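Working notes, structure below.
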Ligand SMILES: [Mn+2]
């Protein structure tokens, strides 16, 4: 048949987890910074990042279907023993960074629900209970969790939808920002946050997860018709999931763009004092523009539109953090199953990720303040943008070789588009790393920074050289 919902319902199950995977708290933070630094003018790059992320997720589905072994397994079989462990360690660092960003977001939301009675370290300690939830799930062995993901999308959609309905932003301006590429009056940190959003939307570890979830569906690899049908339907399912995630991201960008774009500190301080909520001394009184965090965004939202919008924003961040936790556990489990061949349970993986996440975050929370936590969040964002090439390259390298894919290699346009995509991404990363290095200027710590930079560039050059051999 050409297309039918009867066959569409059979292939369901990867779609919900892929949909929640694109709305971790880091994605909401990237949209949050997008909606105050630049407003609507830098919304089209969200659509571009979502479109190229799907067009990469379909390659993940193709690698999953045509050969039953998912992306971590074929990565184990293809590359040698030396770079396999290094690429695995960089993927682990990316997953740990995502889980640490989750811990920051969940700690901020736990602090913000309770009206500040719970300290930040209290929220970071309260985030440990996800591990005990995973213990109870393994013990009882539900092993389905689709209803969770559906309820998660339900609560997140109704939260940010209530935010959008309350603020009532202009659809003409948001569509103008959406479909007309134009960034007038640009400034170099504005393009820095542009690279931040394009690096944060394409999460690095989603491929491995999508390939493994596609592998979970039984399918005859030899038969061509079932292969093509399952491949195209997983592509449509990923398209629907990414469309829903893109709509929620657009809601976040539009609400923060219309509400607090360009509002100086005096206006928000006067309005929030008129509201009489106790959270007023956080913002200074000076001519500068409003700086928004996951916390400070919630405070300005509460002081503008009452406590209901604040609690809805915080519970939305909590649901997004739960999504990032579950996606991190699943992707990490398949990564350890494939790369170095350890059949670790979900509980051991969540203990590893959550412990390495909470130790620096508990230190920073119990010592330093919320502004340094958001600075660490920005550091994790630029880290995720740094880790983007290790997801862009190897999938393109593996699902184009004729021996591994049989007759389902990529066509000429797909390969050349991937070539220009890898070239623009690694050139952006090289320029951004030297931009970050030139500020440093130290006698010695400049040297170890240069050592890290040249090591990373050598590894990215090796992967790109392997890809150009493959293409
Ligand atoms: Mn992330």
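All residue numbers here begin at 1 and follow the chain in the order shown.
Determined via electron microscopy, 3.6 Å.
The backbone N, Cα and C atoms fix where each Cβ goes, and this holds for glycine too.
Here the transmembrane segment (8-28) has Cβ contacts under 8 Å with residues 50, 53, 57, 98, 101-102, 104-106, 146, 149-150, 152-153, 156, 200-201, 203, 206, 209-210, 213-214, 216-217, 230, 233-234, 236-238, 240-242, 244-246, 248-249, 252, 294, 316-317, 320-321, 323-324, 326-327, 330-331, 377, 380-381, 384 of the same chain, all six or more residues outside its ends. Here Swiss-Prot flags 8-28 (among others) as transmembrane segment, drawing on sequence analysis.
Swiss-Prot lists 29-34 (among others) with the feature topological domain 'Extracellular', giving sequence analysis as the kind of evidence.
Residues annotated as transmembrane segment in Swiss-Prot, with sequence analysis given as evidence: 35-55 (among others). Residues 22, 173-174, 176-184, 189-190, 193-194, 197-198, 201-202, 206, 238-239, 242, 245-246, 249-250, 252-262, 289-292, 421 of the same chain sit 6 or more residues outside the transmembrane segment (35-55) yet have a Cβ under 8 Å from a Cβ within it.
Here Swiss-Prot flags 56-92 (among others) as topological domain 'Cytoplasmic', drawing on sequence analysis. Counting only same-chain residues 6+ beyond the ends of the topological domain 'Cytoplasmic' (56-92), those with a CB under 8 A from a CB of the stretch are 18, 202, 204-208, 210-215, 219, 221, 227, 230-231, 234-235, 238, 242, 332, 334-335, 337-341, 387, 390-392, 394-399, 404-406, 408, 410, 459, 462-463, 466.
For 93-113 (among others), the entry in Swiss-Prot reads transmembrane segment.
Residues or ranges marked as topological domain 'Extracellular' in Swiss-Prot (evidence: sequence analysis): 114-117 (among others). Look at the topological domain 'Extracellular' (114-117): DSSP puts its residues at 0 helix, 0 strand, 4 coil.
The transmembrane segment annotation in Swiss-Prot covers 118-138 (among others). Within the same chain, residues 102-103, 106-111, 145, 321-322, 325, 329, 345-347, 350-351, 354, 358, 361-362, 365-366, 370, 373 sit at least 6 positions outside the transmembrane segment (118-138) and bring their C-beta atoms closer than 8 Å to a C-beta of that stretch.
The topological domain 'Cytoplasmic' feature in Swiss-Prot is assigned to 139-146 (among others). Each residue in the topological domain 'Cytoplasmic' (139-146) gets a DSSP state, and the totals come to 3 helix, 0 strand, 5 coil.
Distant neighbours of the transmembrane segment (147-167): 16-17, 19-20, 23, 244, 248, 251-252, 254-255, 258-259, 301, 305, 309, 312-313, 315-316, 319-320, 322-323, 326; these residues of the same chain sit at least 6 beyond its ends, with a Cβ under 8 Å from one of its Cβ atoms. The feature transmembrane segment is assigned by Swiss-Prot to 147-167 (among others).
Swiss-Prot lists 168-193 (among others) with the feature topological domain 'Extracellular', giving sequence analysis as the kind of evidence. Look at the topological domain 'Extracellular' (168-193): DSSP puts its residues at 15 helix, 0 strand, 11 coil.
If you look at the transmembrane segment (194-214), the same-chain residues 6 or more away from its ends with a CB under 8 A from one of its CBs are 13-14, 17-18, 21-22, 24, 26-27, 29-31, 33-34, 38, 42, 45-46, 48-50, 52-53, 56-57, 59-61, 63-65, 70-72, 91, 94-95, 98, 183, 234, 238, 249, 327-328, 330-332, 334-335, 337-338, 378, 381-382, 384-388, 390-392, 395, 428, 432. If you look up Swiss-Prot, you'll see 194-214 (among others) marked as transmembrane segment, on the strength of sequence analysis.
Among the features that Swiss-Prot reports, topological domain 'Cytoplasmic' is placed at 215-239 (among others).
The list of residues near the transmembrane segment (240-260) in space but at least 6 beyond its ends in sequence, with Cβ under 8 angstroms from a Cβ of it, reads 15-16, 18-23, 27-28, 31-32, 34-36, 39-40, 43, 46-47, 50, 53-54, 57, 153, 156-157, 160-161, 163-164, 167, 169-170, 173-174, 177-178, 201, 268, 290, 292, 297, 300-301, 304. What Swiss-Prot records for 240-260 (among others) is transmembrane segment, and it gives sequence analysis as the kind of evidence.
Taken from Swiss-Prot, the feature topological domain 'Extracellular' covers 261-298 (among others).
According to Swiss-Prot, the N-linked glycosylation site annotation covers 274 (among others), on the basis of sequence analysis. Following the DSSP three-state reduction, the secondary structure of residue 274 (N-linked glycosylation site) is helix. Counting only residues at least six positions away in the same chain, no Cβ atom sits under 8 Å from the Cβ of residue 274 (N-linked glycosylation site).
If you take the C-beta of residue 287 (N-linked glycosylation site) and look for same-chain residues 6 or more apart in sequence within under 8 angstroms, you find 264, 265, 266. The feature N-linked glycosylation site is assigned by Swiss-Prot to 287 (among others).
If one looks beyond the topological domain 'Cytoplasmic' (215-239) by at least 6 residues along the same chain, the residues whose Cβ comes under 8 Å of a Cβ in the stretch are 7-8, 11-15, 18, 54, 57-58, 61-62, 64-70, 408.
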